[PDB]
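**Student:** Sequence, then the experimental structure. Questions to follow.
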Amino acid sequence: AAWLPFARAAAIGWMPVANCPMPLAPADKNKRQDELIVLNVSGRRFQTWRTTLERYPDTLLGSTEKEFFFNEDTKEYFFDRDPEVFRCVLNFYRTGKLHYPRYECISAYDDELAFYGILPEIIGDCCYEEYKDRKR
Amino acid sequence: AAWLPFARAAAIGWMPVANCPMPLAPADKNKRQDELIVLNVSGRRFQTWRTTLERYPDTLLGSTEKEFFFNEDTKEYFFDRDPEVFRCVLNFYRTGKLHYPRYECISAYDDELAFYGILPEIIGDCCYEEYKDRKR
Amino acid sequence: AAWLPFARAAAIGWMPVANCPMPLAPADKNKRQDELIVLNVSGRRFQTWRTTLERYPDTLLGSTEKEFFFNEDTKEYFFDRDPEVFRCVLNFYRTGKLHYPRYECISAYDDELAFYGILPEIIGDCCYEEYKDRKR
Amino acid sequence: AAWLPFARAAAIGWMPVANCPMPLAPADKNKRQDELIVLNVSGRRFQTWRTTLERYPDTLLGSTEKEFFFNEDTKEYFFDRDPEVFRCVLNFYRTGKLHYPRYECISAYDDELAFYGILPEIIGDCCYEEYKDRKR
Amino acid sequence: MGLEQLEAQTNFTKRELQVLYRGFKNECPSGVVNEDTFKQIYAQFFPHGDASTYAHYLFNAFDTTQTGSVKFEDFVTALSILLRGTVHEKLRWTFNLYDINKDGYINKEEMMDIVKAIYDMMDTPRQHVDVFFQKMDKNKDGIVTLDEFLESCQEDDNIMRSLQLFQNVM
Amino acid sequence: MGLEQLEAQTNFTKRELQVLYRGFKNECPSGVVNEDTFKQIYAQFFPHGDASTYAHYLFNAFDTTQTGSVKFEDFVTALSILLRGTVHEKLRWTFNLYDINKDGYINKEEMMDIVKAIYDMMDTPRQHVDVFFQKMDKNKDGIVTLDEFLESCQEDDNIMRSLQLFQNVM
Amino acid sequence: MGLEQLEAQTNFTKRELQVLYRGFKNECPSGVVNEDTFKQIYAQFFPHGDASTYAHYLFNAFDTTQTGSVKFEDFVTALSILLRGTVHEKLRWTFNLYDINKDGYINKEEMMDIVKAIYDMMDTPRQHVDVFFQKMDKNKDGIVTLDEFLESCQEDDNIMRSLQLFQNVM
Amino acid sequence: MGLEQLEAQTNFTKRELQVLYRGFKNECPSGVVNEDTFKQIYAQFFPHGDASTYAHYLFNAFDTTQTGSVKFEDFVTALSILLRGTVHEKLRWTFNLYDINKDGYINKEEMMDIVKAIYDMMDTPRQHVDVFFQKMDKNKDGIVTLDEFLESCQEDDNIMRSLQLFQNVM
Ligand SMILES: [Ca+2]
Ligand SMILES: [Ca+2]
Ligand SMILES: [Ca+2]
Ligand SMILES: [Ca+2]
Ligand SMILES: [Ca+2]
Ligand SMILES: [Ca+2]
Ligand SMILES: [Ca+2]
Ligand SMILES: [Ca+2]
Ligand SMILES: [Zn+2]
Ligand SMILES: [Zn+2]
Ligand SMILES: [Zn+2]
Ligand SMILES: [Zn+2]
């Protein structure tokens, strides 16, 4: 909502609300600010912005699926998974591209992607070559 | 463990309380016993469900051997071992398959497997190719 | 900074308080200013001497740009970026040479360098061979 | 002092103290038990037994050289160095063999070994091959 | 998919539903259980025993929705009925499992398939059906109905004692 | 850039300036903040619609300094005007945007270009311009000046109500 | 192995048993705890000296169970005797070690083998045996029995003083 | 090498000695400073200036021990003298630096080497020695001794003001 006021400025004077756009007022007041979500994977405390996990709603960390892994007592999400592959999964929400680490095993990597509900078709061109070749 | 009530359902009527084998009745009251065990390896605090370590009882973390590494003063198991290879050892309890990290040395890796009591004959086909070849 | 009193010693007698250039007198009272700065990257708490970040002032961690990432409530800089590549970025301030991790992807690595404002033309000859070749 | 009482048992009856052996009584009462030393490298808290750093006295972590890096306030040793290479350096005190990580840069690795006062001649045969080849 | 939503439509607490989902997802990571998945689960419980056939009957008991493969929502409600639900729901579910062709009645050969399905997954040679029908059928025409099954299980207090044992999870 | 410096010259708080900076840097990290950058951002908001043309007019609205490409300083001060600034600054920014050739006037085709730019980036066939000029022009000559625009928005209470809604960032 | 179990059957505390286990496992982690293992350990204590022969006699002292190779259970109970056990157990262990062929007696060459084994692993030319037998043998026949050894160490107050020094582990 | 030991033989505190060692070791990681190392340090302080020659004179000022290369112990005591030590130690050290051939006296050409050494590492064209000798030499024979240097620096209160400024580290 830092770039939208610019689109909004271009509509002032000739378009109330109208058809089906999405720039005018931040309705519902979704400004529940931004909180650092603590994602505890295998002991390692990964820290990310709540908005970052919102980027891809059609995944485990995206949808309300992660709530099945939220410990209310420690007020954090716990995953009994690999901490190393999770760093790639978390960086996917950040950069926008899914990266394959050259050192990790393909099957180990594929299993973790299937857990967090991320399809391997999303793997960027930057290491799509490396992924395909190591998957035989 | 909570898939059993389905197996138990198909037996009600023709073999109830008569003999049974391993299904019927959650004996010994083993419930609520699952807590987060903390595994301090070289300062790096690893965290896993205690049932995950129970998966393979014929190992150090599986058997009561880990209790020699337990510290009552900090309520955690401390291991003066490499934190990096332990991630693989811990992941074996989770995924079911032992993965060889491509970046690590085979000698260091074999030494750590020998410590935790996991045999290298368990390394999955997923990276059995990598392990055999790098071991000359 | 404490190698200067030697340079200062060879000037006593023939150019004292007369003109000087950059040596003579620890001006501005910049002493005791060195504290451990905490750099929270994706949950992973990195810790460095503040003078180490001051080494290259023409970068994000070098300039006052990092203050946009500072949280007064937790008294630390938080970065919603990859913790792994940051280790390399931080090591650049320490060693003086930027190292490319062989296991990481060139695209992910270039994206992170662009964030912290370090140019890839600084990558040492030590792994300039690796960087150029893996960037096709 | 778990294996020495066995050597001691073989001398009972025919050798008071005598010439220059080292089995009979733990003189000086060096049993200042064992404390977990917290080694803070770049933010990562490495935890090792004091005895482990004693293994190789002719190094930085071995000799009283580390005391120049001990912060009395946080009651821990701080090193503004790479946390990743330190894991290899710490594992050297543990396993007895110095391992070279296949992913790290040779110059980066050599620089860290020179800092902790460990010579590259100590690198085990397990990855002496990998070290020599990557050093051109 | 909804933790607050499922808490209403099941008997499990918020804490139990989290444990059950973790227990569920560890067997099918966003894969959603099919017949093969079931076989792999009960093969783990029962070594040196083919669980193919039983997994087939167990899978046929599900699927009220669309995709064929049973989702967690339907997995947990079935488990809610089996662990916490009333006696005319636990038996109703069990009866539904015994009725293979899904047509209101359990017959001699139909029951024989299931007895064989459990025996195979792991003193009477499979013909324990003969003892079952003799003390479950009121009509004695070789057909046990739902109403016939429900009232016949009430008479044996030993089943009611085991069926209402209350089994907590976690 | 300068966190304490910007706090004085803008209306945003120290806390809001960081969020805005984080939001800016994520769309262009040290990289060339040009017209293409804008095209990429607004294409994400509105799929199946081409943001090329609007990106140009929006880029044309900026560039006051020297480097051509718009820095964060110019990005946030313009946003300080659009979100917090007085009514005569918000409209002044909007007028400056509608005036393409930077002459000081808005004409039929000039306004047509903006309408086309938004409709393309996302009921009347782009002839909202004819509705716009009919009740924004005091002279009725086909030219709307700055003063003409300012006063013509005051009479429509519906614009003032929307333009002074107060957006909160963070 | 068994932490609570060993605490009862040994004299070491729970805390000492962990340290001893850590000290043991570091010298042989699950690996074959054999004669060679001993050779490697004692070569570290005493450089420029060959521990081959002593390792054999020390390995011969163990092995009570079945597997030949000595487990931790047998390692720590023997150490419980050597560090905490009564004087008649410490000497009993030492006597058992000096008796190679496991016959119950110590003879000139038998004792000579031990002296040679330690001198080799690390002022009289190995003829301390002649000094040993001169004041340890009551019969003066060249044979020292268990009872002969026990009482002959009591008269030398200098041994009792050293043998009951109390070593603390950890 | 000893933190408690050096605390006695220097003026620095335990906290300062740690900072100084960190500052020292970062330039020569267990390498122990030689002439080349010095050149690399002052080249960093003074860009576009050859520091080879000065590093040579600065290195010759050290080495009282054995290896030629100056260790931290000798590095820090020299720095202790220069920063905290008495006036007849700071000047004594400075005098020792000016006496290149290490023979009790500073001559016109000897001083000329050092003035050139600093000028090269970074208004009078190097001949600032002429001003130096005219107001430092009591005899006026072209030789400045130690006693001649010490008393001549006392007379200029402006040097004493700068030399005793007290410079804290950390
Ligand atoms: Ca039927
Ligand atoms: Ca019937
Ligand atoms: Ca115009
Ligand atoms: Ca007009
Ligand atoms: Ca004998
Ligand atoms: Ca006798
Ligand atoms: Ca001279
Ligand atoms: Ca003179
Ligand atoms: Zn990539
Ligand atoms: Zn693998
Ligand atoms: Zn490198
Ligand atoms: Zn190796």
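**Tutor:** Structure's in. What do you need? Numbers count the residues shown, from 1 in each chain, chains lettered A, B, ... in the order given. Ligands and ions are numbered 1, 2, ... in the order given.

**Student:** can you map out the strands along chain E?
**Tutor:** E:106-107, E:143-144 (DSSP state E).

**Student:** ugh, wrong one, chain A
**Tutor:** A:36-41, A:44-49, A:70-71, A:76-79.

**Student:** Please render those as CSV that adds distance to chain B and mean neighbour count to the earlier fields.
**Tutor:** (C-beta placed from N, C-alpha, C; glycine too.) Below are the strands of chain A laid out as CSV (distance: least, Cβ to the nearest Cβ, whole Å; neighbours: other Cβ atoms under 10 Å in any protein chain shown):
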stretch, distance to chain B, mean neighbour count
strand A:36-41, 7, 20
strand A:44-49, 8, 20
strand A:70-71, 8, 16
strand A:76-79, 7, 20
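
**Student:** Tell me how many other residues crowd the closest residue to ligand 6 within chain E.
**Tutor:** When scored by Cβ to the ion, chain E has residue E:47 as its residue closest to ligand 6, at 61.6 Å. Close neighbours of residue E:47, defined as other Cβ atoms under 10 Å in any protein chain shown, add up to 7.

**Student:** Phi, psi for it please.
**Tutor:** Backbone torsions of residue E:47, given as degrees, to the nearest 10, read phi -70, psi 160.

**Student:** What is the longest helix of chain A by residue count?
**Tutor:** helix A:83-95 (DSSP state H).

**Student:** Compute the distance between the residue in chain A that chain D sits nearest to and residue B:116, please.
**Tutor:** Nearest residue of chain A to chain D (Cβ to the nearest Cβ) works out as residue A:103 at 6.1 Å. Using Cβ to Cβ, to the nearest Å, residue A:103 is found at 21 Å from residue B:116.

**Student:** swap in residue E:14?
**Tutor:** 36 Å.

**Student:** Please say which of the two ends up with more neighbours.
**Tutor:** residue B:116 (24 against 14).

**Student:** OK, contacts around residue A:13?
**Tutor:** By Cβ atoms under 8 Å, 6 or more residues apart in numbering or on different chains, the contact set of residue A:13 is F:94, F:98, F:132, F:136, F:149, F:153, F:159.

**Student:** Looking at those, which is nearest ligand 8?
**Tutor:** residue F:94 (85.5 Å).

**Student:** Looks like that closest one contacts residue A:11 (just checking).
**Tutor:** No - Residue F:94 is not in contact with residue A:11 according to Cβ atoms under 8 Å; the separation is 9.1 Å.

**Student:** more crowded one of these two?
**Tutor:** Neighbour totals were compared for residue F:94 and residue A:11, and residue F:94 leads with 22 against 19 (other Cβ under 10 Å).

**Student:** and the nearest residue to residue A:84 once chain neighbours are set aside, what does it touch?
**Tutor:** Once flanking residues are discounted, residue A:84 sits nearest to residue B:87: 6.3 Å by Cβ to Cβ, 6 or more residues apart in numbering or on different chains. By Cβ under 8 Å, 6+ apart, the contact set of residue B:87 is A:42, A:82, A:83, A:84, B:46.

**Student:** Turn these into a markdown table, including distance to residue C:127.
**Tutor:** Listed next are those as a markdown table, based on distance: Cβ to Cβ, whole Å:
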| residue | distance to residue C:127 |
| --- | --- |
| A:42 | 30 |
| A:82 | 27 |
| A:83 | 26 |
| A:84 | 22 |
| B:46 | 31 |
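
**Student:** coming back round to it: contacting residues for the residue of chain A closest to chain D?
**Tutor:** B:101, B:102, B:103, C:103, D:103.

**Student:** for the closest residue to residue A:108 other than its chain neighbours, phi and psi?
**Tutor:** Using Cβ to Cβ, 6+ apart and skipping residues adjacent in sequence, the residue nearest residue A:108 is residue B:99, 4.8 Å away. Here is the backbone geometry of residue B:99 (degrees, to the nearest 10): phi -110, psi 130.

**Student:** Pretty sure residue B:99 sits against residue B:89.
**Tutor:** No - Residue B:99 lies out of contact with residue B:89 (Cβ under 8 Å); the separation is 9.9 Å.

**Student:** which residues are common contacts for the two?
**Tutor:** Joint contacts of residue B:99 and residue B:89 (Cβ under 8 Å, 6+ apart) do not exist.

**Student:** What ranges does chain E have for its helices?
**Tutor:** Going by DSSP H, chain E shows helices at E:3-9, E:14-25, E:35-45, E:52-60, E:72-83, E:87-98, E:108-121, E:129-134, E:146-155, E:157-163.

**Student:** Ignore what I typed, I meant chain A.
**Tutor:** Using DSSP H, helices in chain A cover A:4-9, A:50-54, A:83-95, A:106-115, A:128-134.

**Student:** could I get stretch A:110-117 in PDB with only the CA atoms?
**Tutor:** The C-alpha trace of stretch A:110-117 is given here as PDB (Å, rounded to 0.1, in the frame of the first residue of the first chain):
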ATOM      1  CA  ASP A 110      11.400 -33.100  -3.200                       C
ATOM      2  CA  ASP A 111       9.900 -34.600   0.000                       C
ATOM      3  CA  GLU A 112      10.200 -31.200   1.800                       C
ATOM      4  CA  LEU A 113       8.600 -29.300  -1.100                       C
ATOM      5  CA  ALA A 114       5.700 -31.800  -1.000                       C
ATOM      6  CA  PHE A 115       5.300 -31.200   2.700                       C
ATOM      7  CA  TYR A 116       5.000 -27.500   2.400                       C
ATOM      8  CA  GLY A 117       2.800 -27.800  -0.600                       C
END
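
**Student:** Now for residue 61: which residues touch it?
**Tutor:** Went with chain A since none was named. A:39, A:53, A:89, A:93, A:116.

**Student:** That was the other one, I meant chain E.
**Tutor:** E:78, E:93, E:96, E:97.

**Student:** Excluding sequence neighbours, find me the nearest residue to residue E:121.
**Tutor:** When the adjacent residues along the chain are set aside, residue E:121 lies closest to residue E:51, with 3.9 Å between them (Cβ to Cβ, 6+ apart).

**Student:** what's the answer for residue E:37, then?
**Tutor:** The spatially closest residue to residue E:37, leaving aside those adjacent along the chain, is residue E:28, at 5.2 Å (Cβ to Cβ, 6+ apart).

**Student:** can you check residue E:54 too?
**Tutor:** Per Cβ to Cβ, 6+ apart, closest to residue E:54 is residue E:117, 3.8 Å.

**Student:** Could you give the number of residues near the closest residue to ligand 2 within chain A?
**Tutor:** At 44.3 Å from ligand 2, residue A:68 is the closest residue in chain A, using Cβ to the ion. Around residue A:68 there are 22 other residues, counting by other Cβ under 10 Å.
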